[PDB]
């Protein structure tokens, strides 16, 4: 008994990419419901609630995570927006964790290498515009170690 229209969900999905690029942690977290569930990537155990979300985004902000997002689409189901995201960030300090997980090799800078990743996000939003659930789909074949 209340919901968010396609355009607001769409803009909201673009705002998530926007705030990630702006690098302010407080703003990124504000987009999530207090108990929001993040799967990044889908296939690994979910990150849930604000404190865990902060700890998830901090290393990404340290690696200077940079996203260029394509135009999102919307579901006709009152909650969803999907968006494709191309991303670049430094190998450090996240890369070694992706290496340990089995997702990529290990460059030879590594403090000058960068990582490219392609992902498609499935985003569930409630009537307040808060993200209740975000699934970031990307595999090892969507993960590349650049220069």
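Residue numbers count along the first chain shown, from 1.
Asks: I need to verify one thing: averaged over C-alpha atoms only, is the B-factor higher for 33 to 41 or for 114 to 122?
Replies: For C-alpha atoms only, the mean B-factor is higher in 114 to 122.
Asks: What stretch has the higher average Cα B-factor here, 23 to 31 or 97 to 105?
Replies: Stretch with the greater average CA B-factor: 97 to 105.
Asks: Maximum C-alpha temperature factor per the entry, among 48, 84, 87, 79, belongs to which one?
Replies: Out of 48, 84, 87, 79, the record gives the largest C-alpha B-factor to 87.
Asks: Is residue 53 in the lowest, middle or highest third of its chain when residues are ranked by C-alpha B-factor?
Replies: Its C-alpha B-factor belongs to the lowest third of this chain's values.
Asks: Looking at the C-alpha B-factor of residue 92, is it in the lowest, middle or highest third of its chain?
Replies: Highest third, going by the recorded CA B-factors of the chain.
Asks: Tell me, lowest, middle or highest third: where does the Cα B factor of residue 62 rank within its chain?
Replies: Middle third.
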